[PDB]
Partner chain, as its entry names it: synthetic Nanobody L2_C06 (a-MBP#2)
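In structure tokens, one chain follows: the form deposited without its partner chain.
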């Protein structure tokens, strides 16, 4: 009864699900996938190996599902935080760059893709949220979160608003939650403590309460998502937004005269955005691991490869030492680094998936009023 009702009963996955002799790459739709496809086409021109870049919706949830059956892309791009879960499930190949190649990338970026002593992805770029502001509406961005309500009252009189950003993904609210003490998992003595979650302490509660108060006082709307905030800022309807380097391209196209700067402080403390390392993992069921290695090491992670992607959508602070130096001049990147400094590198442990889902629910429910801050964060905690 037990076996025969389960899909696992005498189950052997089919062969040839992932096509040998080509590369399929998944990357998020807010990244420079058209630029990545340019690198892929160069690879095809040189080597005859076709590269297909796709940007599926919710790829970070689709990948573990399809890869578990030996299907999916040869290469998956995502922030490093999801990869430990993939690795634990046996979905990622350990990557084997030689010492010469490892020397080309910053050591801390290799650390972000290390799991149980193994490298499980290639690091590409360091991402951190910054405060983005309309210099025409706001020549001087606020130093503190606390002064934003007063700013909104000013701009509401002019038919504008102070601030809009994605409230549907907890990634964007985390800088405020972590500012005065909130944390995900406590890193102590070489390991994250999965029983030590800091989403319901005094600091986290204070931060989320300030967010909820902004909404209660009609300075923000609870259902604002990525597209709503991006559209509003790039139309010049709101003075500020919170976003990463990938967003700069659309603002460059917009008519907005904008700047990128340090996130405001909360209770005198710097906002602490979670830092992500955009990373490329190789599917453990791929028959093309040698092709993937060649593409990633000798085509993408070069000055020419990163330039192609960066020209589509800015990567931020790239992990490649040689190319990072060329872009260090950019004040937007400098601001990105400053915020990344003040923040924390995301854990990559398998528990991150559940953590993000819990905090997503908590932030959405607190913001919309489905739950109080105390109720919401209590649930998020273990």
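Positions refer to the first chain, counted from 1.
Here the subject shifts to the form deposited with its partner chain bound, a form of this protein not shown in this document.
Of the residues in 159-198, those that come within 4.5 Å of its partner chain in the deposited bound form through at least one heavy atom are, in sequence order, 179, 180, 181, 189. Hinge assignment between the shown form and the other one, with options 330, 153, 290, 361: the rigid parts meet at 330. Between this form and the other one, the CA-CA gap for residue 251 and residue 35 widens by 3 Å or more, being larger in the deposited bound form. Relative to what is shown, residue 246 and residue 307 are farther apart in the deposited bound form; their C-alpha atoms differ in spacing by at least 3 Å.
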